[PDB]
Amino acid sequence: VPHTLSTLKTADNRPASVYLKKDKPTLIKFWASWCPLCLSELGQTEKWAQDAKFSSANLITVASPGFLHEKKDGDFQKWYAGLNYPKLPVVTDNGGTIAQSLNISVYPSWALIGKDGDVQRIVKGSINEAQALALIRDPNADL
């Protein structure tokens, strides 16, 4: 995942690596434009990404154009450009390479990648602040 991720860019054409520090675990939120749950959480997730509470980990989100009912590549970025979450990292994975690799099937879903690149936990559905903090405290913890 860490490699495929480093080869991707954000919805606004910046290297995903810009949001990934080498010695930190990575918390990834998978979502899609058609999901009301996901749309209603964009502001919250942006807040989390900038919150000191999660400073010990990288926090990004992944949208997958042309995968799981998401808008095709190009169309997605144009749609998302209409929203405003400047501090929310939105990596676009055309075809959902990472999602398939992790067998993501519902949105939202969260994955915690160890600092070394190994997938440590995959959580289906939305998580709240308490569950997110638990996930960072211990990948195997009961959120």
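Numbers for residues come from their place in the sequence shown, where the first is 1.
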Q. Taking only the CA atoms, which stretch has the higher mean B-factor in the record, 36-44 or 107-115?
A. 107-115
Q) Got a sec? Mean C-alpha B-factor, which is higher, 59-67 or 72-80? A) 72-80
Q) Based on what the PDB entry reports, which of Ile127, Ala134, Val18, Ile122 has the top C-alpha B-factor? A) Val18
Q) Looking at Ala49, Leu27, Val90, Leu102, which has the highest CA B-factor as recorded? A) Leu102
